[PDB]
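Below you will find one chain, with nothing else, as structure tokens; this is the form deposited in one PDB entry, and questions on how it binds or moves follow later.
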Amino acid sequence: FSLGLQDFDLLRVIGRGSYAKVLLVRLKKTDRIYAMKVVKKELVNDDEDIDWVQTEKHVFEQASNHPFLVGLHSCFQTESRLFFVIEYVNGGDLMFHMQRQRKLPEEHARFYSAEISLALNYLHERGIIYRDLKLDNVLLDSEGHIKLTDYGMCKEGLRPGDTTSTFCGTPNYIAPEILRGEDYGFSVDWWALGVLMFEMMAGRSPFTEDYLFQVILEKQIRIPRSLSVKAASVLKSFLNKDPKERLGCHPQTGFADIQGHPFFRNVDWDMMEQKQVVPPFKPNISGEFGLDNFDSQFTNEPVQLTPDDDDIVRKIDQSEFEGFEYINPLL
């Protein structure tokens, strides 16, 4: 019935994180290619692990169809591993891009932040706080549009006006209200976007973790002299330390406030969401599979899954993973 590992060819290793090894794969007997995230079950032990995997799967399902999120093809498992077969996104990522470009013109940062805003707003309308926005979690597709990735840290199930309390995120991007221990909502995503926009336009972060948190909480953010009034305003508005006054966070009008901000005046949001706006940069894409923009650290790895150690695998609590199988109800 459900797909399994033996329905795919492994083509290349393309990435690694703390939970997953990511490969380019191809559905046998077809030309259809996917990314495949492989998570060893021996890494899923705590409630934090279980929730991470469950959340990633549930958000992957919500993300299918939306242009700026990564779609889910299928989930399946072997005795030792969990597998997510997902949209293959091969334009690189914004961290990669910033390492090469160093600093983006305001028009470029506008384009990326507009698409990220549309992605965030869709997640928020579905009750999801993203909580993991950072340069290397914004992928570029082959044409140069953005896709948000890495969904395990999301909070899902937030009815409008709900808040949550978990201390999490990447330190450089964690919002003041999280650092203050307040319950929070979607405001933390708009703070992170502020930080990311600062990084794009200034070429540096606006800021030990202890000292970094103190800087986030107390230090005044200075806008580079060379940025326009509109950029200064959009950055200071997103980086307001009070979530009640922050851009995008005003009740009822938040997203309209972003769309109406002078920084975004030259944005046709309807065309933007239909991918009818020309990206300002076209990623390098060559050859049969366009592996140009992945670190050779991974594309040089041998294309294989590490052999199972029976002494470990026999101890896995397989009941924890019943029902993992999934196939996209759109094929």
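The numbering used is simple: start at 1 and walk along the sequence shown. We call the rigid core whatever largest set of C-alpha positions still superposes within 1.5 Å between the two forms.
The protein also exists as the form deposited in another entry; that form is not presented, and the subsequent description refers to it.
Relative to the superposed rigid core, the position of the CA of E301 differs between the shown form and the other one by 2 Å or more.
Superposition of the core reveals a Cα shift of 2 Å or more for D7 between the shown form and the other one.
After superposition on the rigid core, the Cα of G290 moves by 2 Å or more between the shown form and the other one.
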